[PDB]
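final10.cif (mmCIF, N, CA and C atoms) appears below.
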```
data_entry
#
loop_
_atom_site.label_atom_id
_atom_site.label_comp_id
_atom_site.auth_asym_id
_atom_site.auth_seq_id
_atom_site.Cartn_x
_atom_site.Cartn_y
_atom_site.Cartn_z
N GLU Z 1 99.83 96.46 100.97
CA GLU Z 1 99.20 95.37 100.19
C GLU Z 1 99.70 95.32 98.73
N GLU Z 2 100.05 96.48 98.17
CA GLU Z 2 100.54 96.57 96.78
C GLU Z 2 102.02 96.32 96.75
N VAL Z 3 102.50 95.53 95.79
CA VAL Z 3 103.92 95.22 95.74
C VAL Z 3 104.31 95.11 94.29
N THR Z 4 105.59 94.88 94.05
CA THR Z 4 106.09 94.74 92.70
C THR Z 4 106.79 93.40 92.59
N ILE Z 5 106.44 92.64 91.56
CA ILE Z 5 107.08 91.35 91.30
C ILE Z 5 107.90 91.55 90.00
N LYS Z 6 109.22 91.34 90.08
CA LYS Z 6 110.10 91.54 88.94
C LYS Z 6 110.28 90.18 88.29
N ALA Z 7 109.88 90.03 87.04
CA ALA Z 7 110.07 88.73 86.40
C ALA Z 7 111.19 88.79 85.37
N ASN Z 8 112.20 87.95 85.53
CA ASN Z 8 113.30 87.91 84.57
C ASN Z 8 113.09 86.62 83.78
N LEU Z 9 112.83 86.79 82.49
CA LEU Z 9 112.56 85.67 81.60
C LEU Z 9 113.86 85.33 80.84
N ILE Z 10 114.24 84.05 80.86
CA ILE Z 10 115.45 83.62 80.16
C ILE Z 10 115.08 82.54 79.15
N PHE Z 11 115.46 82.76 77.90
CA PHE Z 11 115.14 81.78 76.87
C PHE Z 11 116.37 80.98 76.51
N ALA Z 12 116.11 79.79 75.97
CA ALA Z 12 117.14 78.84 75.56
C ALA Z 12 118.18 79.47 74.65
N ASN Z 13 117.74 80.47 73.87
CA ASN Z 13 118.60 81.18 72.92
C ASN Z 13 119.63 82.04 73.65
N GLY Z 14 119.52 82.13 74.97
CA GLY Z 14 120.46 82.94 75.73
C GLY Z 14 119.98 84.36 75.95
N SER Z 15 118.90 84.74 75.28
CA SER Z 15 118.39 86.10 75.43
C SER Z 15 117.59 86.22 76.71
N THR Z 16 117.34 87.45 77.16
CA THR Z 16 116.59 87.64 78.39
C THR Z 16 115.62 88.78 78.25
N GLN Z 17 114.71 88.91 79.19
CA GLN Z 17 113.74 89.99 79.13
C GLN Z 17 113.24 90.16 80.54
N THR Z 18 112.92 91.39 80.92
CA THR Z 18 112.44 91.62 82.27
C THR Z 18 111.15 92.41 82.24
N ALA Z 19 110.23 92.05 83.11
CA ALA Z 19 108.97 92.76 83.20
C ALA Z 19 108.57 92.81 84.67
N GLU Z 20 107.99 93.92 85.11
CA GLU Z 20 107.55 94.04 86.50
C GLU Z 20 106.02 94.04 86.54
N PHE Z 21 105.43 93.42 87.54
CA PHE Z 21 103.98 93.43 87.66
C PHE Z 21 103.64 93.99 89.02
N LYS Z 22 102.67 94.91 89.04
CA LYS Z 22 102.28 95.60 90.27
C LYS Z 22 100.84 95.31 90.70
N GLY Z 23 100.70 94.95 91.96
CA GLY Z 23 99.39 94.64 92.51
C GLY Z 23 99.63 93.87 93.79
N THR Z 24 98.67 93.08 94.23
CA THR Z 24 98.90 92.32 95.43
C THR Z 24 99.86 91.23 95.03
N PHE Z 25 100.46 90.60 96.03
CA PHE Z 25 101.40 89.53 95.77
C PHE Z 25 100.79 88.46 94.87
N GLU Z 26 99.58 88.04 95.21
CA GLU Z 26 98.95 87.01 94.43
C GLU Z 26 98.64 87.45 93.01
N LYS Z 27 98.04 88.63 92.88
CA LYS Z 27 97.66 89.09 91.54
C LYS Z 27 98.86 89.35 90.62
N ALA Z 28 99.84 90.05 91.15
CA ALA Z 28 101.02 90.38 90.38
C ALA Z 28 101.74 89.12 89.99
N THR Z 29 101.91 88.20 90.94
CA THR Z 29 102.62 86.97 90.64
C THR Z 29 101.83 86.20 89.57
N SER Z 30 100.53 86.13 89.76
CA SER Z 30 99.69 85.43 88.77
C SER Z 30 99.81 85.98 87.34
N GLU Z 31 99.93 87.30 87.24
CA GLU Z 31 100.08 87.92 85.95
C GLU Z 31 101.44 87.53 85.33
N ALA Z 32 102.44 87.34 86.18
CA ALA Z 32 103.77 86.98 85.67
C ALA Z 32 103.67 85.56 85.10
N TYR Z 33 103.02 84.67 85.83
CA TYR Z 33 102.87 83.31 85.33
C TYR Z 33 102.09 83.31 84.01
N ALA Z 34 101.03 84.09 83.91
CA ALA Z 34 100.22 84.10 82.70
C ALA Z 34 100.99 84.53 81.46
N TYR Z 35 101.87 85.49 81.67
CA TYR Z 35 102.67 86.00 80.58
C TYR Z 35 103.64 84.89 80.16
N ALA Z 36 104.27 84.24 81.13
CA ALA Z 36 105.21 83.14 80.84
C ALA Z 36 104.47 82.05 80.09
N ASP Z 37 103.23 81.82 80.49
CA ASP Z 37 102.40 80.80 79.85
C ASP Z 37 102.11 81.17 78.38
N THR Z 38 101.91 82.45 78.07
CA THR Z 38 101.66 82.79 76.66
C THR Z 38 102.92 82.54 75.81
N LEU Z 39 104.09 82.55 76.44
CA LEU Z 39 105.34 82.35 75.71
C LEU Z 39 105.74 80.89 75.51
N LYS Z 40 104.95 79.99 76.08
CA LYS Z 40 105.23 78.55 75.99
C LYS Z 40 105.06 77.96 74.59
N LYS Z 41 104.18 78.54 73.78
CA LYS Z 41 103.97 78.04 72.44
C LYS Z 41 105.23 78.11 71.61
N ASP Z 42 105.88 79.27 71.62
CA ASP Z 42 107.09 79.43 70.83
C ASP Z 42 108.37 79.30 71.63
N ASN Z 43 108.30 78.89 72.90
CA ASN Z 43 109.51 78.78 73.70
C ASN Z 43 109.61 77.58 74.59
N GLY Z 44 108.57 76.76 74.64
CA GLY Z 44 108.61 75.57 75.48
C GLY Z 44 108.18 75.83 76.92
N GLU Z 45 108.25 74.79 77.74
CA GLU Z 45 107.87 74.88 79.13
C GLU Z 45 108.89 75.73 79.91
N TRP Z 46 108.44 76.33 81.02
CA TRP Z 46 109.34 77.14 81.85
C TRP Z 46 109.42 76.57 83.24
N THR Z 47 110.50 76.84 83.95
CA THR Z 47 110.64 76.42 85.33
C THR Z 47 111.00 77.73 85.96
N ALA Z 48 110.99 77.82 87.28
CA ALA Z 48 111.31 79.08 87.90
C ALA Z 48 111.98 78.93 89.27
N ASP Z 49 112.66 80.00 89.66
CA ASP Z 49 113.29 80.07 90.97
C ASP Z 49 112.94 81.48 91.48
N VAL Z 50 113.02 81.69 92.79
CA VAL Z 50 112.71 83.01 93.36
C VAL Z 50 113.87 83.66 94.10
N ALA Z 51 114.00 84.96 93.96
CA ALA Z 51 115.04 85.68 94.70
C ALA Z 51 114.30 86.85 95.37
N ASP Z 52 115.05 87.62 96.17
CA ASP Z 52 114.52 88.74 96.86
C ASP Z 52 113.24 88.41 97.63
N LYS Z 53 113.27 87.30 98.36
CA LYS Z 53 112.14 86.93 99.19
C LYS Z 53 110.81 86.72 98.47
N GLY Z 54 110.93 86.30 97.21
CA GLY Z 54 109.75 86.00 96.41
C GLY Z 54 109.32 87.16 95.52
N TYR Z 55 110.02 88.29 95.60
CA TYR Z 55 109.63 89.44 94.77
C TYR Z 55 110.34 89.53 93.41
N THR Z 56 111.23 88.56 93.17
CA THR Z 56 111.94 88.40 91.88
C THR Z 56 111.72 86.95 91.44
N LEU Z 57 111.21 86.81 90.22
CA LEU Z 57 110.96 85.50 89.62
C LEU Z 57 111.93 85.33 88.44
N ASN Z 58 112.80 84.31 88.52
CA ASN Z 58 113.74 84.02 87.46
C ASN Z 58 113.15 82.81 86.72
N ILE Z 59 112.55 83.09 85.56
CA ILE Z 59 111.85 82.07 84.76
C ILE Z 59 112.70 81.61 83.57
N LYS Z 60 112.90 80.31 83.41
CA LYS Z 60 113.77 79.83 82.31
C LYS Z 60 112.97 78.90 81.43
N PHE Z 61 113.07 79.12 80.13
CA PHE Z 61 112.34 78.33 79.16
C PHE Z 61 113.26 77.30 78.56
N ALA Z 62 112.79 76.06 78.52
CA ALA Z 62 113.58 74.96 77.95
C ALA Z 62 113.71 75.18 76.45
N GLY Z 63 113.92 74.11 75.71
CA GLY Z 63 114.01 74.25 74.27
C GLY Z 63 112.65 74.62 73.68
#
```

I need this file expressed as structure tokens, please.
Amino acid sequence: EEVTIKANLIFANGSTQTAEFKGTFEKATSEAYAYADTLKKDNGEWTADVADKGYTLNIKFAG
């Protein structure tokens, strides 16, 4: 039931950052979205794609 969701955050500036969240699929994934959401103020809206069968989230922030 416990899994790891790896979130790779990519900003318009070309920089990147990675964070892993551990818990159930829903909880861990939700925490990744929440973190991305806190970064929207200074980084804009984000879109995302999934790799590794949904266990890797590649999140990209617009301008």

Picked residues, the PyMOL selection byres ((chain Z and resi 6-13) around 6), expected as an mmCIF file with N, CA and C atoms, in the frame of the given file:
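This is the output file expr-v7.cif:
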```cif
data_model
loop_
_atom_site.group_PDB
_atom_site.id
_atom_site.type_symbol
_atom_site.label_atom_id
_atom_site.label_comp_id
_atom_site.auth_asym_id
_atom_site.auth_seq_id
_atom_site.Cartn_x
_atom_site.Cartn_y
_atom_site.Cartn_z
ATOM 1 N N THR Z 4 105.590 94.880 94.050
ATOM 2 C CA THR Z 4 106.090 94.740 92.700
ATOM 3 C C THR Z 4 106.790 93.400 92.590
ATOM 4 N N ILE Z 5 106.440 92.640 91.560
ATOM 5 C CA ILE Z 5 107.080 91.350 91.300
ATOM 6 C C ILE Z 5 107.900 91.550 90.000
ATOM 7 N N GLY Z 14 119.520 82.130 74.970
ATOM 8 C CA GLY Z 14 120.460 82.940 75.730
ATOM 9 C C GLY Z 14 119.980 84.360 75.950
ATOM 10 N N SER Z 15 118.900 84.740 75.280
ATOM 11 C CA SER Z 15 118.390 86.100 75.430
ATOM 12 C C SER Z 15 117.590 86.220 76.710
ATOM 13 N N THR Z 16 117.340 87.450 77.160
ATOM 14 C CA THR Z 16 116.590 87.640 78.390
ATOM 15 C C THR Z 16 115.620 88.780 78.250
ATOM 16 N N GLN Z 17 114.710 88.910 79.190
ATOM 17 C CA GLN Z 17 113.740 89.990 79.130
ATOM 18 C C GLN Z 17 113.240 90.160 80.540
ATOM 19 N N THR Z 18 112.920 91.390 80.920
ATOM 20 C CA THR Z 18 112.440 91.620 82.270
ATOM 21 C C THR Z 18 111.150 92.410 82.240
ATOM 22 N N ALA Z 19 110.230 92.050 83.110
ATOM 23 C CA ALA Z 19 108.970 92.760 83.200
ATOM 24 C C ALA Z 19 108.570 92.810 84.670
ATOM 25 N N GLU Z 20 107.990 93.920 85.110
ATOM 26 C CA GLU Z 20 107.550 94.040 86.500
ATOM 27 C C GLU Z 20 106.020 94.040 86.540
ATOM 28 N N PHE Z 21 105.430 93.420 87.540
ATOM 29 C CA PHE Z 21 103.980 93.430 87.660
ATOM 30 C C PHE Z 21 103.640 93.990 89.020
ATOM 31 N N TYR Z 55 110.020 88.290 95.600
ATOM 32 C CA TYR Z 55 109.630 89.440 94.770
ATOM 33 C C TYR Z 55 110.340 89.530 93.410
ATOM 34 N N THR Z 56 111.230 88.560 93.170
ATOM 35 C CA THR Z 56 111.940 88.400 91.880
ATOM 36 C C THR Z 56 111.720 86.950 91.440
ATOM 37 N N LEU Z 57 111.210 86.810 90.220
ATOM 38 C CA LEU Z 57 110.960 85.500 89.620
ATOM 39 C C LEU Z 57 111.930 85.330 88.440
ATOM 40 N N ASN Z 58 112.800 84.310 88.520
ATOM 41 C CA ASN Z 58 113.740 84.020 87.460
ATOM 42 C C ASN Z 58 113.150 82.810 86.720
ATOM 43 N N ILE Z 59 112.550 83.090 85.560
ATOM 44 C CA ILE Z 59 111.850 82.070 84.760
ATOM 45 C C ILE Z 59 112.700 81.610 83.570
ATOM 46 N N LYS Z 60 112.900 80.310 83.410
ATOM 47 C CA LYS Z 60 113.770 79.830 82.310
ATOM 48 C C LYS Z 60 112.970 78.900 81.430
ATOM 49 N N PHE Z 61 113.070 79.120 80.130
ATOM 50 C CA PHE Z 61 112.340 78.330 79.160
ATOM 51 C C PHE Z 61 113.260 77.300 78.560
ATOM 52 N N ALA Z 62 112.790 76.060 78.520
ATOM 53 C CA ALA Z 62 113.580 74.960 77.950
ATOM 54 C C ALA Z 62 113.710 75.180 76.450
ATOM 55 N N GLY Z 63 113.920 74.110 75.710
ATOM 56 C CA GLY Z 63 114.010 74.250 74.270
ATOM 57 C C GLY Z 63 112.650 74.620 73.680
#
```

**d(atom C of residue Z:38, atom CA of residue Z:3) in Å** = 23.6 Å

Could you work out an axis-aligned bounding box for all listed atoms of stretch 23-31 of chain Z, with 6 Å added on each of the six sides, and give its centre and edge lengths in Å to one decimal, as JSON?
```
{"center_x": 100.1, "center_y": 90.2, "center_z": 90.7, "size_x": 17.0, "size_y": 21.5, "size_z": 22.7}
```

**Asked** chain Z: which residues are strand (DSSP E) by DSSP, as a count of residues only?
**Response** 28

**Asked** Which distance in Å separates atom N of residue Z:35 and atom N of residue Z:47, to one decimal?
**Response**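 Rounded to one decimal, the two atoms are 12.4 Å apart.
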
**Request:** Grab the atom CA of residue Z:1 to atom CA of residue Z:23 distance for me, in Å with one decimal place.
**Result:** 7.7 Å

**Asked** Which of these residues is nearest to residue Z:24, using only N, CA and C atoms: Z:50, Z:40, Z:2, Z:45?
**Response** Z:2
